[PDB]
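Everything below concerns the one structure shown next.
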Amino acid sequence: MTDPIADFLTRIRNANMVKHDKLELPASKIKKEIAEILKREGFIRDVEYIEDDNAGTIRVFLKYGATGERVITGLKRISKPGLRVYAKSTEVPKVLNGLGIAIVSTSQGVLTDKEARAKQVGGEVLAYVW
Amino acid sequence: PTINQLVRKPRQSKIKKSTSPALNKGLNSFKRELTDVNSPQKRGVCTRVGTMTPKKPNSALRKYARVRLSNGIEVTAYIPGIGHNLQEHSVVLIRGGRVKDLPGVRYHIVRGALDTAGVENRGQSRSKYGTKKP
RNA sequence: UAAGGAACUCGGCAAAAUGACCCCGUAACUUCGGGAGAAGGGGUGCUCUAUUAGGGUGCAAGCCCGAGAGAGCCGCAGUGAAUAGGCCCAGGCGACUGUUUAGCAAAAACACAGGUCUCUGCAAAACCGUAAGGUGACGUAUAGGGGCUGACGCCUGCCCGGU
RNA sequence: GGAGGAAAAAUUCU
RNA sequence: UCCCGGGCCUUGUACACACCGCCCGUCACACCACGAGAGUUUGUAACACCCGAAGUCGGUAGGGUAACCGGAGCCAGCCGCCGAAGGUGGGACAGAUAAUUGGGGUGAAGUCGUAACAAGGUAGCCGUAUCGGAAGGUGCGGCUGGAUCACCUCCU
RNA sequence: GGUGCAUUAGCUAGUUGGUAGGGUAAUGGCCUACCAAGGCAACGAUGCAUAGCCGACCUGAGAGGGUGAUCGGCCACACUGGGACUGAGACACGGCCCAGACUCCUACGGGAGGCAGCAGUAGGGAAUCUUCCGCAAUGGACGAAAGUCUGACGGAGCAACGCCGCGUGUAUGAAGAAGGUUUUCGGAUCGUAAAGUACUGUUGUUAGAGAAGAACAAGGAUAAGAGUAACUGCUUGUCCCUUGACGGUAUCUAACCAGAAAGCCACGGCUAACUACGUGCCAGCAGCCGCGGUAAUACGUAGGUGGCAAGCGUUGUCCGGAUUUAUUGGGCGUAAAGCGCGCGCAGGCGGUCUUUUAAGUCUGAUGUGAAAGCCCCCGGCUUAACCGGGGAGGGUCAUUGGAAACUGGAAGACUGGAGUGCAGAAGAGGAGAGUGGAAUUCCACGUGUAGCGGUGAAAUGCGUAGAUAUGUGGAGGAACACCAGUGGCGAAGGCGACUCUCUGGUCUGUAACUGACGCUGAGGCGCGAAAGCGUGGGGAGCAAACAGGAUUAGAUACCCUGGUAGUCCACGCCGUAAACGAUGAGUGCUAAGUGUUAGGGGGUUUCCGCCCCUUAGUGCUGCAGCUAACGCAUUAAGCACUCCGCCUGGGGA
Ligand SMILES: [Mg+2]
Ligand SMILES: [Mg+2]
Ligand SMILES: [Mg+2]
Ligand SMILES: [Mg+2]
Ligand SMILES: [Mg+2]
Ligand SMILES: [Mg+2]
Ligand SMILES: [Mg+2]
Ligand SMILES: [Mg+2]
Ligand SMILES: [Mg+2]
Ligand SMILES: [Mg+2]
Ligand SMILES: [Mg+2]
Ligand SMILES: [Mg+2]
Ligand SMILES: [Mg+2]
Ligand SMILES: [Mg+2]
Ligand SMILES: [Mg+2]
Ligand SMILES: [Mg+2]
Ligand SMILES: [Mg+2]
Ligand SMILES: [Mg+2]
Ligand SMILES: [Mg+2]
Ligand SMILES: [Mg+2]
Ligand SMILES: [Mg+2]
Ligand SMILES: [Mg+2]
Ligand SMILES: [Mg+2]
Ligand SMILES: [Mg+2]
Ligand SMILES: [Mg+2]
Ligand SMILES: [Mg+2]
Ligand SMILES: [Mg+2]
Ligand SMILES: [Mg+2]
Ligand SMILES: [Mg+2]
Ligand SMILES: [Mg+2]
Ligand SMILES: [Mg+2]
Ligand SMILES: [Mg+2]
Ligand SMILES: [Mg+2]
Ligand SMILES: [Mg+2]
Ligand SMILES: [Mg+2]
Ligand SMILES: [Mg+2]
Ligand SMILES: [Mg+2]
Ligand SMILES: [Mg+2]
Ligand SMILES: [Mg+2]
Ligand SMILES: [Mg+2]
Ligand SMILES: [Mg+2]
Ligand SMILES: [Mg+2]
Ligand SMILES: [Mg+2]
Ligand SMILES: [Mg+2]
Ligand SMILES: [Mg+2]
Ligand SMILES: [Mg+2]
Ligand SMILES: [Mg+2]
Ligand SMILES: [Mg+2]
Ligand SMILES: [Mg+2]
Ligand SMILES: [Mg+2]
Ligand SMILES: [Mg+2]
Ligand SMILES: [Mg+2]
Ligand SMILES: [Mg+2]
Ligand SMILES: [Mg+2]
Ligand SMILES: [Mg+2]
Ligand SMILES: [Mg+2]
Ligand SMILES: [Mg+2]
Ligand SMILES: [Mg+2]
Ligand SMILES: [Mg+2]
Ligand SMILES: [Mg+2]
Ligand SMILES: [Mg+2]
Ligand SMILES: [Mg+2]
Ligand SMILES: [Mg+2]
Ligand SMILES: [Mg+2]
Ligand SMILES: [Mg+2]
Ligand SMILES: [Mg+2]
Ligand SMILES: [Mg+2]
Ligand SMILES: [Mg+2]
Ligand SMILES: [Mg+2]
Ligand SMILES: [Mg+2]
Ligand SMILES: [Mg+2]
Ligand SMILES: [Mg+2]
Ligand SMILES: [Mg+2]
Ligand SMILES: [Mg+2]
Ligand SMILES: [Mg+2]
Ligand SMILES: [Mg+2]
Ligand SMILES: [Mg+2]
Ligand SMILES: [Mg+2]
Ligand SMILES: [Mg+2]
Ligand SMILES: [Mg+2]
Ligand SMILES: [Mg+2]
Ligand SMILES: [Mg+2]
Ligand SMILES: [Mg+2]
Ligand SMILES: [Mg+2]
Ligand SMILES: [Mg+2]
Ligand SMILES: [Mg+2]
Ligand SMILES: [Mg+2]
Ligand SMILES: [Mg+2]
Ligand SMILES: [Mg+2]
Ligand SMILES: [Mg+2]
Ligand SMILES: [Mg+2]
Ligand SMILES: [Mg+2]
Ligand SMILES: [Mg+2]
Ligand SMILES: [Mg+2]
Ligand SMILES: [Mg+2]
Ligand SMILES: [Mg+2]
Ligand SMILES: [Mg+2]
Ligand SMILES: [Mg+2]
Ligand SMILES: [Mg+2]
Ligand SMILES: [Mg+2]
Ligand SMILES: [Mg+2]
Ligand SMILES: [Mg+2]
Ligand SMILES: [Mg+2]
Ligand SMILES: [Mg+2]
Ligand SMILES: [Mg+2]
Ligand SMILES: [Mg+2]
């Protein structure tokens, strides 16, 4: 319905608040890209792609630090169906003063803020996560 | 509201009215009309003088005046200071500033700029009340 | 009929003025139909384009009907004579069309569609007649007789002691 | 504790 | 069980000066702003006809005229279309003013009642109809933003 | 690309297009004749109101908000309205013709004029300047040149109107001159501030030296070129001579002088800074909280203190604070704020995968975004203001080359969404016709006699013409006891007797079928308790209005006795409510415990029954989370996205 990426972010947010360890949801290309990015920056622990003959699903394990500390402290959606947001190469933002990351879809695929500013390319910003 | 609701009709501010309308317009005799020109002070002609009573809990009598401005406006002004040399058919200079004590008075009278006189035996705050250095 | 234009008079009484056909244009109010021919304006004659453009008629010959345009011409004046609405604003009464004192009063009077009350179960009530006999009615309470009010809109208050 | 149904009594003033 | 006075717990409150509280409406007096009003008055932008100067253009030119070959050409004069201002007519819009009138608002002790706040002493409120000096009353339908709730039934 | 109103919805007819023609420097209904009825508009046409536009200025963290002073660029106007001539260029500020208003001359026939040019006068205003010098410099028009003109311009005068800069002295000088202010009358305070002491002249007075801005043009020699038969002349280069309104101006040099130079506002809190006297809800202060009634840090004055400074206060306008229109950056249970509900056009948004396109998106290069202004770096004025050089910034800008993740387009593919199929289930869902019992009222008839009814007490009222009570029969109307249950159905209002006929919706079970066919939805259409309106019926109970009896100081009420419209039926209007869960619709995620309605699967069990699992409704208690709190909490007021409606202090309303 309308926005699946917002549903993705809301699922991780709810599971993080509940201190859940495992999450599953239907899969797509952009969902797999977001999960792979989050795994690269270590926000999540692991991600698996389970094959079912409707669309396939993705399962992510939430990662918590020592003494039950939340690794992911917030997810915000920037681009929306009612208002799209596009950022230039010199307009890409720094999430949480460099402590967090942003996801941007540019002409070279999905990248983070560091990759986008390294190649001097721009795209549309999808979300902030910190 | 949603972005579409905002593009369909945009936001609007609230029109704030002024406090001293009589200072905000002039009169044209050739067209016999009223124009929007804002001025700091104006001059007018007195019609009557007297002293009215305030609201609760105050009871002291206050000196006021009724003036026809340059645009023929019935304006009730206040007389500051101790004592005055004002009477009917006198030229007065009206200035902005309202007093809460009187429910109708909204303007002050400059002392020492026109037919109006200053205040005798004034040592402090001498710039106002129009008293020169002794 | 000079000049004036209701100064006359109880009162513009009488007279004067508008008047035909074509085109433009047209208010408040309204029961949405009207008001409305509102008001206010413009054009009309003759000759040449021209047995018109086009129509009706007929097999054709031919015969009738005739709008727009142009150029011109003549008078003070062109529906050149007779015949042919004057208009507007506001109030009272009566909704309207209609009827009335032959021979003084045409109306604000009567009537009217509508409203309400009341009587009548049929050999109906009511009415004419001594009666027979009739109208009502060859009808049957969505029908018939009598009293009052008078379209339509909003309403129609209190008193049953007296008659 | 919460929701539904449901009787009997009843003068005026400060 | 009842009558009277206390004590504790609980409940409702628009009170805190603490119910000798708070608070509503009409009437009489003064002032202020606004609407309506038979009328009067000022201005704005158009429209439809009548008349129409200067001027450009078009047509004639009997009157006048050196350059070109008496003729041509030209000009004065006259006529026609367009045309500012003006005149007439019916509408549109805007402002001021007007006998009187309608509700509204403010005003240290006016008059009449006590409608609401406690179950406010007839529970209150909403829509509607009718009635009354006034707050308001009554009928119909709805709500709890309702105090008490003997007896009976379900839920935690 | 840059404004307010929909309480401004239709506007237009040479208008819309075409065929020929005329006209202009040029295209074009720019104009004419003919032909067809077009054209613009909820993406706001037409109309009303205000307004010159921009570079830019003020404010603001920024996004934005307000304005168009000075200067630069474009446009329009020249007393009002119309027209043409000359000219390359005008429908022409100091040119022409006509009409209009005003001023002036006249011999009465007729003529002249236009400061929104520089100064200046009158009037309006709260408010704005000399009736000055010069073409020396820069630039214009004319000429071969000298040269003439230039209120452009270069300068001087007035106004603290603004910014910047400097001064009214400096060091020393005491348990502390003298005198004010107070005093707990010992003292404190002004205060190193004074006098004294030593020093300087930035200003000021007196007397003198005194620049740049000046390049020239022209005139005389020259040297070299092109041209020529030769010159004269022409182009370039080098020299000689001449030119100042400002102006004896800036500047500099000497002598004298602490002498000739400080004011305004404020002091309870916001906000920096207190004592005394006088007054006594008076005089008065005031942006707000509010002070003044006898002990006033708030009124007036004196002393003291604080801020600023040749300025200081008051007023008017704009921005901020104001997140108080919230894109950045707010909300709608109870504070303002969810339409009463539904069906749906336009619009907004849209499940999964593949190929392709580059409209959106991102990026490179070219041109352009004037000068002045903000900003950065350098400089010049004794510093600063100011001035100069270079640089940077600013666009949903035109040409063009690139990438294809995402939104968009095209061609395909798939079922999770959506719908149909097949098998079951439940229900006061709606319309039409017929029927049933209990009870109330009225009428008739038997038995029977003095009360009945009503209230806190009474009374009006019915009754000996015979009630109330009881038994039998008849007439008619409205509502449906028990079942009945925070049970059921419907989008909402709402729907309870029974039977039939015609019809709408929902749930579960299966996976057969199509393959995104979906959500929301301004304007439209329809439904919508009760009260009310129109026409025609019906009328048993109840009952607005109304009457009587009571209560009360009064009682236009509550209470009692009667009672009309209405409540009922058919058709047609009306379109409202505390129309409420005071909570818009759609989708997904997020602890549990326990009832109940309609289904499905399994295990125990011969059945019954018990247990477990699951779908869709309906109640309660509760975790995280949210809230100002009450509270909500898988039927969210939690976490997210799409679309619509609405809110911006109370009264007036
Ligand atoms: Mg003071
Ligand atoms: Mg005569
Ligand atoms: Mg005559
Ligand atoms: Mg007359
Ligand atoms: Mg007479
Ligand atoms: Mg007469
Ligand atoms: Mg007559
Ligand atoms: Mg008429
Ligand atoms: Mg003639
Ligand atoms: Mg008649
Ligand atoms: Mg007669
Ligand atoms: Mg007669
Ligand atoms: Mg007979
Ligand atoms: Mg008969
Ligand atoms: Mg009559
Ligand atoms: Mg009567
Ligand atoms: Mg009688
Ligand atoms: Mg009687
Ligand atoms: Mg209960
Ligand atoms: Mg007690
Ligand atoms: Mg005890
Ligand atoms: Mg107690
Ligand atoms: Mg309590
Ligand atoms: Mg009553
Ligand atoms: Mg309801
Ligand atoms: Mg701009
Ligand atoms: Mg602007
Ligand atoms: Mg052509
Ligand atoms: Mg203007
Ligand atoms: Mg400036
Ligand atoms: Mg701000
Ligand atoms: Mg400006
Ligand atoms: Mg100016
Ligand atoms: Mg300019
Ligand atoms: Mg001028
Ligand atoms: Mg003038
Ligand atoms: Mg010419
Ligand atoms: Mg000129
Ligand atoms: Mg001039
Ligand atoms: Mg001038
Ligand atoms: Mg003057
Ligand atoms: Mg010069
Ligand atoms: Mg020159
Ligand atoms: Mg001259
Ligand atoms: Mg000048
Ligand atoms: Mg000058
Ligand atoms: Mg000045
Ligand atoms: Mg200055
Ligand atoms: Mg200074
Ligand atoms: Mg001194
Ligand atoms: Mg000294
Ligand atoms: Mg000294
Ligand atoms: Mg002393
Ligand atoms: Mg000293
Ligand atoms: Mg000397
Ligand atoms: Mg000298
Ligand atoms: Mg000198
Ligand atoms: Mg030479
Ligand atoms: Mg030379
Ligand atoms: Mg030399
Ligand atoms: Mg020489
Ligand atoms: Mg010389
Ligand atoms: Mg010279
Ligand atoms: Mg000189
Ligand atoms: Mg001199
Ligand atoms: Mg000097
Ligand atoms: Mg000397
Ligand atoms: Mg000396
Ligand atoms: Mg000196
Ligand atoms: Mg000295
Ligand atoms: Mg000195
Ligand atoms: Mg001084
Ligand atoms: Mg004081
Ligand atoms: Mg002092
Ligand atoms: Mg001081
Ligand atoms: Mg703001
Ligand atoms: Mg927002
Ligand atoms: Mg808010
Ligand atoms: Mg909401
Ligand atoms: Mg509310
Ligand atoms: Mg609702
Ligand atoms: Mg509501
Ligand atoms: Mg709705
Ligand atoms: Mg659509
Ligand atoms: Mg998509
Ligand atoms: Mg620039
Ligand atoms: Mg400039
Ligand atoms: Mg420097
Ligand atoms: Mg500068
Ligand atoms: Mg510069
Ligand atoms: Mg520069
Ligand atoms: Mg820059
Ligand atoms: Mg692709
Ligand atoms: Mg399905
Ligand atoms: Mg009986
Ligand atoms: Mg298939
Ligand atoms: Mg609607
Ligand atoms: Mg009803
Ligand atoms: Mg009825
Ligand atoms: Mg009753
Ligand atoms: Mg409503
Ligand atoms: Mg509501
Ligand atoms: Mg929702
Ligand atoms: Mg459930
Ligand atoms: Mg709960
Ligand atoms: Mg909330």
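Chains h and l, in that order, are what the protein sequence lines are.
When you number the first sequence by the authors' numbering, it's gap-free, plus one each residue, and the end is 132.
When you number the second sequence by the authors' numbering, it's gap-free, plus one each residue, and the end is 135.
Every residue gets a Cβ at the ideal spot worked out from N, C-alpha and C, and that includes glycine.
In this structure, l:19 is the residue among l:122, l:19, l:64, l:135 with its C-alpha nearest to the C-alpha of residue 37 of chain l. Counting along the chain, the unbroken alpha helix (DSSP H) around residue 11 of chain h starts and ends at 6-20.
Residue 59 of chain h is a Cβ neighbour of residue 28 of chain h, given a cutoff of 8 Å. For residue 35 of chain h, the closest C-alpha among the options h:51, h:25, h:23, h:20 is that of h:51. When DSSP reads this structure, residue 42 of chain l sits in a beta bridge with l:96.
By a beta-carbon distance limit of 8 Å, residue 78 of chain l contacts residue 108 of chain l. Their separation comes to about 4 Å.
Residues of the same chain with a CB within less than 7 Å of the CB of residue 72 of chain l, apart from the 5 flanking positions on each side, are 26, 27, 28, 35 in chain order. For residue 41 of chain l, the closest of l:23, l:49, l:58, l:48 by C-alpha to C-alpha distance is l:23. With distances taken between CA atoms, residue 100 of chain h lies nearest to h:130 out of h:67, h:16, h:6, h:130. Listed as beta-bridge partners of residue 107 of chain h by DSSP are h:112, h:126.
The beta carbon of residue 49 of chain l is closer than 7 Å to those of 67, 89 in its chain, skipping five residues each way along the sequence. The alpha-carbon of residue 69 of chain l is positioned some 23 Å away from that of residue 54 of chain l.
Contact check for residue 26 of chain h against residue 61 of chain h passes: the beta carbons are separated by less than 8 Å.
DSSP, reduced to helix, strand and coil, places residue 24 of chain h within a strand of the structure shown. Residue 7 of chain l is classed as exposed because its beta carbon has fewer than 16 other beta carbons within 10 Å across all chains shown.
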